[PDB]
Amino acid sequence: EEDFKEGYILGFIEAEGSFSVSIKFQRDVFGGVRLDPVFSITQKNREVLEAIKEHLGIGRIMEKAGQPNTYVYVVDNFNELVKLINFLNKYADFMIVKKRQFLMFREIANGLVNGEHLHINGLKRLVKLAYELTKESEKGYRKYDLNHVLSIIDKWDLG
C-alpha cells in the first residue's frame, strides 16, 4: 500500500522537514519588503530526498552550503508550493509535531499566492504571521525585530 508510502513522507517531514518564510529587504519591491517561502528537508542520504522528490513530482535537490556531502530537498516556487500544500492538507489533521507551522506557513504562502502582500495592510499582516511562525520553531531567528521591518514598510509607503 502506497498510503503507507505517503505516511512515510509525512512522518519524515514531521521529523526533519522545514517550513520557513524569510524576509528580504529589496528596494524595488512593493513595501520595500519581500517574504520568501521555502519548504525543505536536509539529509546526508541523498537517496531518500530522491524518492520524495519523485513521489511528489516537485522540488529540486542540491548540496547544502557549508556542509559538503549533505543535501537539501527544496520546493519554493509558487506553483510547486501549492502542490506541496495540496498534498499536506490531506493529512494535516494527523500532523502532530509541525501542524501549526504548516498552517501558518500555508496561510502565508496562499496569502502571497493571492497577492495579499500587494497592499500595505496585507503585507504587514503576512510579515506579522512570519514572525509568529518563527516563534513556533526552535532553530529559527530574525535579523531585525518586527517593528523595524514594519517601519520600513511605512517608510516606503510615504513614497
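All residue numbers refer to positions in the sequence shown, first residue = 1.
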query: Selected stretch [higher average CA B-factor]: 120-128 or 55-63; finding: 55-63
query: Mean C-alpha B-factor comparison - 137-145 and 14-22, higher one; finding: 137-145
query: B-factor third for the C-alpha atom of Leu81 within its chain; finding: middle
query: For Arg34, the third of its chain into which the C-alpha B factor falls; finding: lowest
query: Cα B factor band for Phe87 (lowest, middle or highest third within the chain); finding: highest
query: Assigned third (lowest, middle, highest) for the C-alpha B factor of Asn114; finding: highest
query: Modelled-residue ranking by C-alpha temperature factor, third containing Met95; finding: highest
